[PDB]
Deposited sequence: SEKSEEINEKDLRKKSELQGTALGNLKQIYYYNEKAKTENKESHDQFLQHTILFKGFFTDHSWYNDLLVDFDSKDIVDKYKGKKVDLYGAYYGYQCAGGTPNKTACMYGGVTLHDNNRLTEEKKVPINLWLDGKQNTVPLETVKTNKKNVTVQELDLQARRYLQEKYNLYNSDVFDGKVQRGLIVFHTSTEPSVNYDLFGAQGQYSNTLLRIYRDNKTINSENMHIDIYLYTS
């Protein structure tokens, strides 16, 4: 947890710098989008080498997961895995033509990954430097090693609900800059600029999760820095 005054100095992209439909499409992803959330699944099918193809995942009927590389694919190919991420259909290719949804990362190993009790992830939130209280129930997980994507999706859904994050200025979105930090103790902290995604559609806005980054959920909290300028 940094001084809101120091974070304010990083070059965070401003909301006014989003070209086109990216803003409407960021609100769609973090607020309206359906997510793939299932446990105990396995697949050794692929389309390209850096992907794992879940045939008939949907009961879209196929789910194609994309990773940074084959090296990552290999840790999950043929294993029992849990899935939690956002998917899309626009620009998606790889399985039953016309019936494949695509997702970036969101895969964790299923075995021995269940928690003693569900973890409520604490969140520290600052708005223009004033600390705001966030209910403990906001972000929760049952995984011991969880994807940053699973936590970010929960965190941003709340920022949208309570702070109109991805609403236009006219529809009361007052936040112009922001940073989310997953503050881990034992491993490097991940931080994302809330207005820093690239492209305007899901196929590119969601690539930030392609790395399948996973962290230990115990002993960490989330720091959120929001600014109205």
Parts of the chain sequence, as deposited, that carry no C-alpha coordinates in this structure: 60-63
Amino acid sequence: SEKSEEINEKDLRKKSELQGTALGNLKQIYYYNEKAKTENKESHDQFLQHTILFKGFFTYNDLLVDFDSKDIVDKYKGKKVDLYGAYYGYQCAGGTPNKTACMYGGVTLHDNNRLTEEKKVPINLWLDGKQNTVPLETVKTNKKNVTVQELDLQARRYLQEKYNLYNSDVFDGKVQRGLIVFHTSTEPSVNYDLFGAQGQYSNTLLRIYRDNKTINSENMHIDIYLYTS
From here on, numbers count along this sequence of modelled residues.
Residue range whose averaged C-alpha B-factor is higher in the record, 48-56 or 173-181: 48-56
Mean C-alpha B-factor comparison - 208-216 and 19-27, higher one: 19-27
Maximum C-alpha temperature factor, selected from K99, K140, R156, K144: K99
Highest-ranked of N112, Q149, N124, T108 once sorted by CA temperature factor in the record: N112
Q160 - which third its CA temperature factor falls in, relative to the rest of the chain: lowest
B-factor third for the C-alpha atom of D66 within its chain: middle
Where the record places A36 (Cα B-factor, split into thirds across the chain): middle
Record-listed C-alpha B factor of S168: chain third: lowest
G85 - which third its CA temperature factor falls in, relative to the rest of the chain: lowest
